[PDB]
Every structure is written in C-alpha cells, then in structure tokens.
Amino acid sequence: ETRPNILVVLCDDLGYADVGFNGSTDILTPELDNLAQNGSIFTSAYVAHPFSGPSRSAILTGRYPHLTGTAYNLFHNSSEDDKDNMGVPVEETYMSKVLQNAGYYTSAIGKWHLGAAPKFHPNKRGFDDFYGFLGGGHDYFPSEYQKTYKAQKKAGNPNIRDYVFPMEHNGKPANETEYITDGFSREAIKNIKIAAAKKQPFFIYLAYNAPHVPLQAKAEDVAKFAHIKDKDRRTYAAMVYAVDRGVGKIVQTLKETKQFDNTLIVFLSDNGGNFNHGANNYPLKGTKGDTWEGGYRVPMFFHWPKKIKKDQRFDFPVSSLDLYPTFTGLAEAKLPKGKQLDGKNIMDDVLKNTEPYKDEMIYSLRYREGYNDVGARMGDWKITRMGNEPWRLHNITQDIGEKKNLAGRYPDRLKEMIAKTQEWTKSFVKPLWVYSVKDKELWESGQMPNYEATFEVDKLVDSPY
C-alpha cells in the first residue's frame, strides 16, 4: 500500500561528532553515512531534553517532559508495582499505539526507560512485539552478565542491579546469546521479515543502548580501531561501529524484502554525548545533561528513497517532538481525542526545504540542585543559562560553540526571548518523581523550581556599587 514503513534507529549518549556524516574523523560509520548521503542530513536537530528518560518520554508522547511530569530519570531498579506509578502516565498515548490502531505492525527493541511496571510495559503501550530491557541500561555480554546474575542470586543479593537482569521478549526470558547490539540488530531484521510476511506496514522503534556505558565492545570491532591510544575512545568507537554493522544488515534485509524504497528511516541520538565516557560533541560546547548545544543537539537523518532526495542538508532547526505528528501524518492515522502535541508535522517542510519553526522556539530546561539550566532557540539566535551564571545570547549560526556572549550588545532580543521562555514554563506541571533526596527536599520547600529566579537578568550583571 501507499503508507511508508517507519524505522527509528535511536542511539543512546551518541556524541555529535561520533558518526562520519556528522563530522567524525576517527569513528567509521559507512552504513549510516550511506543512508545519510542518500537522504536528508539535519544540521540543527534537537531532542526535547539533554538526558535519556525525559528525552525518550518526549519522543513517544510528542510532548516536552515538563508537561507530562517526566523531566527526571526513573532511578535504577524503579518500582515494578503498578501501584507506585513509576512510569510515564498511561493516559499520554504513545505514537506506537496510534500507529498500531491505524494498522501498523509495531515493534520496540532495546532500551525502554519509560516504566518497569506492567501498566508501563511496551506491550501495553502500542507495541505488538518487545525485545529488550525496561530500565536505563544494560551490560553488553550475555556470557558475562548471566554469570553475574546467577552468582548474585546464589549469594542472596536482595538488590541485584537491573544492568545484569535477564532481558525479555514479550515478557518471557530472552536467553540472549550475542553481544546485545548484535542481538538487537538480529531482532530488527526478524521483525522486518515478519512485517514482510504479514504484508503489513511496520513501525520499529530500535533503541540501541550503545554507546551508553558500560564501555564494552567486541574484540573484532576493537581491532578496527586498534591504533586509538585512548582506551575509552577506542572502545566507544567500536561500540558505535557495531551499530553501524547492524544498520548495514538491516538495510540489506529491507532491500531483500522490497521494503527499502518505501521505508522512512530516522536515525538520531537520545541526547548529547557524555564526554567523560568516550564521546565527542565537536564543534558544540558541553556534554550530556547541559543546555549548551552539546547536551541536546544531536545527529539526525531522514532516509526515504521514494520521497526524500539524495545529498540533502536541512539546516533549519527541528525537534525530536516532530516525529510524533510527522509519523502519524504519514500513517494517515487519527489522533486520540484531546491529544496534545508540542511538535509539528515537518515532512512537507523537508521536501520543500522550508522553515518549520520560523519565528518559533525550540526549548530545553534542565533541573539542577537548586536552579535551572535553560536553552531556547529561534532562527539564528539562542539564549542559554548554565550553572545559574548570567544569561547568554548567541548567534548560534555564527557562533555554534556559544563562545561570544552578545547579551550586552542586543539586550532587547535577549529580554524578548526570555519573556517567551518564561511564558512557556507557566504551562509546566510538577514532576511525578524526582531523582535524589536533595531534589525532594528542594521541591518540598519551594526552593525548586523557582522559575521566577531563573528568568532574572539585570541583577546578575549589575554591580551593587
């Protein structure tokens, strides 16, 4: 039929300069590069939050996490009891469910991080099939983590880390035997073949945990980078390379089943690279978690041979929030009544090279221990507050590294963008959970969120003398 298949390939903590098509000089990603070159590379792509849980929530709900109560990560080994509601609210309908109701065969593979209790399970949230783990990460070698899991059960460990838990397949044990990146690639191939056999459009949410810690890589991938002297960089490159291998096999499967031409492949990272653990975000400033560009500006391409031209670069800013309305539009799917969305259906803009966010803002706000980091972009201009320092105004097109603070030269533009961003925060909800005890103390006493203090300007720079 006319409706395209959709494959999201979502990496975890992949740095900005860590794929070939986005600038890498040491990591080799020929299969991803080939896809990017045969479609549209997005040079100003943003995720809705600079860390996983809230970013993933935003991709699947189509709303900023500040509107859904999900702006902090779930903790390690979060409650698996429905009564504790440790998960994204069930009332916020996921794009997977919408696609499933419109006749797609739907599959999620890899990392979830959206709730470990039954009501939050992928199979309850629109996925016909799920293969992966429910929490925030996982050790990569089954021979290693299955030994550790059994050994800790035998020792009577009452709090085994979910990183070594057996993975699952629709709620049954997975009995994985491969390096799990290779396993996730295998399950993607299989689900592509199932969709081909059913003669049904597919939506596959392939959430590799690579290159997220722990840095663990196959010897055969390491040898591709054996000369790289920094052991972290060497292992990380091999981890990314393994994803690239899997994408190459997925691509051959799509061609063999004749689904390649009419499949939209979207590749991105859930957030910026963590430069403490192998990642490189050049030329951006900062690291995973920041509201510098480095925390939430990510590599992205769209690949869809039927519609998207080759060698395209799309330079206008876009959001991972656009995936929900764009995909449901492509699926000719009807949104549930009352569903709220923060992004736009951008596919016509990509095809015509027009500006979807013209005179509109793409935002980040990240909660810290007593203050807020903020970023906000319109057109060529961005405002940033990091570490509760004085506000910065950057021409992000001219100054991608956020080095030249123009707040003094153009104070009206600064204040203009502040006012719009402060108005945005008036729609926020309270978090359903926070992350640390410190967090809970600050919110309970009203020290957080204090958006009013976040949007102070002149008193941060004026001298009292």
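All residue numbers are counted from 1 along the displayed sequence.
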*According to the deposited model, is the average Cα temperature factor higher in 292-300 or in 86-94?*
86-94
_Mean Cα B-factor comparison, 422-430 or 42-50, giving the higher one as deposited_ = 422-430
*Going by the deposited entry, which of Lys344, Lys111, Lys285, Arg233 has the highest CA temperature factor?*
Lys344
*Of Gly246, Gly278, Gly375, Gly103, which one's C-alpha B factor is largest in the deposited record?*
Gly103
_Looking at the temperature factor on the CA atom of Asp399, which third of the chain's modelled residues does it land in?_
middle
_Among modelled residues of the same chain, the CA temperature factor third for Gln259_ = middle
*asked:* Lowest, middle or highest third: which one holds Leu32 when the chain's residues are ordered by CA B-factor from the entry?
replied: lowest
_Based on the deposited C-alpha B factors for this chain, I'd like to know if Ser143 is in the lowest, middle or highest third._
highest
*In terms of the chain's CA B-factor thirds, is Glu389 lowest, middle or highest?*
lowest
